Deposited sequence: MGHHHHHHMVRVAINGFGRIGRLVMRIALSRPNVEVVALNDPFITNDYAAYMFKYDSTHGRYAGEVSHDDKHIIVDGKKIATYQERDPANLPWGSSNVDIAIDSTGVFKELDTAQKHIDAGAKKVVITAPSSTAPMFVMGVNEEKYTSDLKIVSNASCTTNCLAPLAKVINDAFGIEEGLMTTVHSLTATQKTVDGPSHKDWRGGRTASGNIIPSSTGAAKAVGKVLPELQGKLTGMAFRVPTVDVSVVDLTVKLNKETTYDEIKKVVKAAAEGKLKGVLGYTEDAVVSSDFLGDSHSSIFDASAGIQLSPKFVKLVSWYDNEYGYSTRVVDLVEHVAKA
């Protein structure tokens, strides 16, 4: 599968790290009009939380070069101008966050890509979360969205819980790290010393990938100045009586079976930085959860804000291509 990345921000760069390691994905090109090749190579090589790239990174006038692989670079403000057809690009991965609707991401198909994966929620493109609704994807869909990182954490867990005990209602909190203000006053305050309440649309987004949960979840976030690992805190009313031991067994079974690699499970005394670089969408913290009564429980799940999501992007890219 031949892929091109639009945008060299954190997501674009981690998607490239992951895709370079994928045996059946080949990174052909990168587009970003706001950076130079030497700055691209520098940003790809060094990462404050995911470490130096384990490999040789360099550049020339027309490429970024990684372990001898030459990746062509472009600086087109308008993606319709990109030589995707000329380069035989199968999937265009758009991580800019600005071509995230059907009419805008269409520019990549116009440029000659066969399909587009948007690494951000979309109001018009169908959203897919691996482990949740990827079997609903049909090969005639040419433009798809991978939803958000918080949605990717919450949705696989909410599906497991709802399938086994039934979710009647749920309220969610996410303790959310900085990495990713007339419109949002709290968020314009200094990150450094502050807990900063925020709204988040993840609990509603779950209603779009799990329609049976539509209208059953809402929540908010507390932003804090920590490494880019976040944690969801899901307080749910259940349909069926259960015990926490049974919740643990069901989640662990899903993590070891059908949701392997997407949903993780731990009983260790972890803290947020223990999940830097974790490729799971969601890591259930069995020891942090707490049940009060047979149908009332608090579930805790971790996620690396960028890395699990980027791994899912490449997962979706491969899935959409095999179709």
Quiz prompt | Missing residue ranges, deposited sequence indexing starting at 1 | solution = 1-9, 190-197
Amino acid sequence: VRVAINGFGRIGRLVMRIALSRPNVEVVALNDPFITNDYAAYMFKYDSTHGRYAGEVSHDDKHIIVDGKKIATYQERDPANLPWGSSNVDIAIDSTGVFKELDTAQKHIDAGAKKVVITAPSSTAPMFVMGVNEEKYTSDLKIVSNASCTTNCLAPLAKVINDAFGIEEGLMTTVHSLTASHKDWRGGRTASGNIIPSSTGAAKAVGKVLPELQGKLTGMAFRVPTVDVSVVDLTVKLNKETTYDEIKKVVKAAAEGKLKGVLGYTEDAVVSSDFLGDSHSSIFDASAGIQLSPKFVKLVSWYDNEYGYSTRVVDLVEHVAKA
From here on, numbers count along this sequence of modelled residues.
Exercise. Would you mind comparing 268-276 and 62-70 for me and telling me which has the higher average C-alpha temperature factor in the entry?
Key: 62-70
Quiz item: Do the C-alpha atoms of 163-171 or of 79-87 have the higher average B factor in the entry?
Solution: 79-87
Practice problem: Comparing against every modelled residue in the chain, figure out the third that the C-alpha B-factor of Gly9 lands in (lowest, middle or highest). | Solution: middle
Quiz prompt | Ranked against its chain, the third holding the CA B-factor of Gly261 | solution = middle
Quiz item: Which third of the chain holds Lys183 when residues are ordered by C-alpha B factor: lowest, middle or highest?
Solution: highest
Quiz item: Among the chain's modelled residues, which third holds the C-alpha B-factor of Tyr244?
Solution: middle
Quiz prompt | Record-listed C-alpha B factor of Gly51: chain third | solution = lowest
